[PDB]
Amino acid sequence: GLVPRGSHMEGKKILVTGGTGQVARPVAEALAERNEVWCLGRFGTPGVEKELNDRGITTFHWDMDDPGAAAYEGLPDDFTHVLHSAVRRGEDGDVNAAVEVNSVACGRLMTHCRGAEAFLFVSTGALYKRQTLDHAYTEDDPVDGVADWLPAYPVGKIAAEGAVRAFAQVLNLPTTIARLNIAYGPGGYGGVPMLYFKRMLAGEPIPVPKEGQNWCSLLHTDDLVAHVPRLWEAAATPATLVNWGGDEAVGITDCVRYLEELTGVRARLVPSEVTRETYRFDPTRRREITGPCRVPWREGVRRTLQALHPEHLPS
């Protein structure tokens, strides 16, 4: 029951992109104990590269905005496992840059790592065509590129998924495409739940629907980290597609109310026609691959608050 995080996988050589980010940093940190881990990125945030190096992570400058093959000189080709979590996604409305940069980076990275045992590409649930608020989306539900908040983002992921599927087959590189739901946890900035809390602190409106509430499938960092080795094991040619979320249906308003409950901070719920969109996933396929999640969301969110905003909790 008490098992160290680093024991999920040992003796491998792991390439991680997006290793500074919300999703992949805890993964790289967890695997760095018993594996050789390289993080590819830009490391523009002061001190993050030092923090990763201090854990025994080898860091390697890698910018997806560089279109050429020269960017890969000096990078080993004997990685056994790859986690591609970085996303080139800088608001400018430039859908062509988003499609081009992300798609080409997938191709160049998979080709470089064509000898790997498994390649894991992180995608998003935002590319599902909106059905009902409470619908539990499956891997076969219709897809569109609609996102009012960030239009180029889901379109770029559709294009990147296309590249990933094609290179998986051409290279015979076992691959998993994991469309991630909302990740959260005590590291980084805490995920969407803490973004809501920040708005509550600032007195900013939180749109909610006229009837009911929005729904998601929150995934805690500790569960996310446990899942990565199982997602690599499920990698295949053709690529394995899975909706990657938690085991609990989490109402967004329920989450906001819980933050109020914990802190005494009041949310300004605005019943509204137009709300920021979230998606709940049917966990059936993911559970077949990973087994059940372990962290219930109310305890996870409470401890995330304690880690990132301890002063706003009753003392």
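The numbering used is simple: start at 1 and walk along the sequence shown.
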Got a sec? Mean C-alpha B-factor, which is higher, 1 to 9 or 306 to 314?
1 to 9
For the higher mean C-alpha B factor in the entry, choose 265 to 273 or 55 to 63.
265 to 273
Among 129, 165, 88, 114, where is the Cα temperature factor highest, going by the PDB entry?
88
For the listed 188, 207, 193, 229, which has the peak Cα B-factor recorded in the PDB entry?
207
Chain-relative C-alpha B factor for residue 255 (record values, thirds): the middle
Chain thirds of CA B-factor: placement of residue 202:
middle
Third of chain Cα B-factors occupied by residue 68:
highest
Assigned third (lowest, middle, highest) for the C-alpha B factor of residue 298
middle
Lowest, middle or highest third - CA B-factor, residue 153:
highest
